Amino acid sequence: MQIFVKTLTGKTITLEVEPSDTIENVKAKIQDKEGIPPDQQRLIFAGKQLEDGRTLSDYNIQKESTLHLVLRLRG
């Protein structure tokens, strides 16, 4: 299904996920499209940091939700 990932600066990424996907897998999908190392990623949904081991259903992330990718921009 569709979820949207969006940086503080407004860059938008679209991912193909399942509710069974773990946040680790989701950070790997972001690295796949953008090359951002999962180490540098903070994913925020509804004010909560998303723990690496939990799943997209744990946080009730459904189709076409928007996650927030908090990055610390590189020179």
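We number the residues from 1 along the sequence you see. Between two forms, the rigid core is defined as the largest C-alpha subset superposing within 1.5 Å.
Once the rigid core is used to overlay the structures in 5 other deposited structures of this protein, the stretch among 20-28 and 5-13 whose CA atoms lie farther from this form is 5-13.
Per the PDB record, of the two stretches 29-37 and 45-53, 45-53 carries the greater mean B-factor over its C-alpha atoms. In this entry, 56-64 has the higher mean Cα B-factor, the comparison being between 56-64 and 7-15. Per the PDB record, residue ranking by Cα B-factor puts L71 in the lowest third of the chain.
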